[PDB]
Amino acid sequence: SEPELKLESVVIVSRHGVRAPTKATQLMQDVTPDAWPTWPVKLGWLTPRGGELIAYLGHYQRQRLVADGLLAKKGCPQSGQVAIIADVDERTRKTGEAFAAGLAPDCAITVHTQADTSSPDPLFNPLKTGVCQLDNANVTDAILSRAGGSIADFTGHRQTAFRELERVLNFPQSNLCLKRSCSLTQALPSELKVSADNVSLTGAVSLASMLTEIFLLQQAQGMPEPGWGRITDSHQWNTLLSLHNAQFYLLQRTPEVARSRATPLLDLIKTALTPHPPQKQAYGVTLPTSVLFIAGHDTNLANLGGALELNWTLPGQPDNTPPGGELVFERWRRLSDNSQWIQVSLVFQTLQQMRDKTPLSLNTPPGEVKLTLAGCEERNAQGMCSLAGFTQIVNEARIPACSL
């Protein structure tokens, strides 16, 4: 009659699953009297449990996609109906594989990646390979501004979280305080480093962002007493991860950085989402197709968010860009007039579902937040943006010099 919609295409940009953190550094040992628990998995790689959590999301997406009638209830999807693209790293490739394994167990679905997995793939970061550069001065002013004026100010307004972190580390008893009134942000002054191909923060901010992530990973891994048992309630988890999210806020979401870093992905997403006769694209994958799954990093998720003006907080998940988190783009066609609509949402397992490793399904689904494209003006009752509105947003967000 008029409101009915049909799902025709889905694009999932996912962060890889939980990966074992790299060997602990001297700085890490110097900030806490306690020893960092070791990880029984090749460090830096996807843990097998991490692979399982991804598989659960794959199993969930299959049920959901069958219910929306995009994929068949049984058997393997048609060839080229499902396409998976992954960054060259081990954790991203194995994430693609675990997802495929959960979505269609026993089916042969290829995980496409650049052939040369020993060099970076510019799709995931064009700055890395020199496709384009950042404007140093503009990036510096923009980041300093979102920070409140200076990194000192940024750090000053967040002492609550820094103290919580010190507490968890039992900082006052570490070699850094002893061999010095002992403050973490005071002990490791933080500075902004801007270069044509990269932006980073040093000192406390950077260390705190890394350390708070490690705790969440211990929890997600199922390791006993993460943080030496000093993190006991949800309020602490959120306060701690607020430091990790704050760094992403400055380095990955800032528009003058995000727009360039995300251009190649924006182009791919737009092409995958635009109705058009199928043709061979990057990695020899055929687009458009039914389901496109891209295995990337949290930086990719934050970059797309900043570039498309998508903001979110995830109930039950302190990390805004959690392992296995999925940025889902969907194209829906209104049957009455053939108009196209784009829905964007963030699918993710809550910290508890990761902890208990709870299997996902239609009855026990992963967490999910519907998003709204801030700049979109042509919406429907479900909050979806028109294909034209979404396309316009993308064309103005992308940086032409950064396309591949």
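Note that residue numbering begins at 1 and tracks the sequence as displayed.
The stretch of deposited sequence separating residue 180 from residue 181 contains 4 to 9 residues lacking coordinates in this entry. Higher mean CA temperature factor between 266 to 274 and 97 to 105: 97 to 105, per the PDB entry. Judged by mean Cα B factor in the deposited record, 36 to 44 ranks above the other of 59 to 67 and 36 to 44. Based on the entry's C-alpha B-factors, the most elevated value among 140, 92, 236, 299 belongs to 236. Take 244, 112, 163, 259 and read off each C-alpha B-factor from the entry; 163 has the highest.
Ranked by Cα temperature factor within the chain, residue 29 sits in the highest third according to the deposited record. Sort the modelled residues of the chain by CA B factor and residue 21 lands in the highest third.
Compared with the other modelled residues of the chain, the Cα B-factor recorded for residue 254 ranks in the lowest third. In the deposited entry, the Cα temperature factor of residue 121 sits in the bottom third of values across the chain's modelled residues.
Annotation for residue 283: CA B-factor lies in the highest third of the chain's modelled residues.
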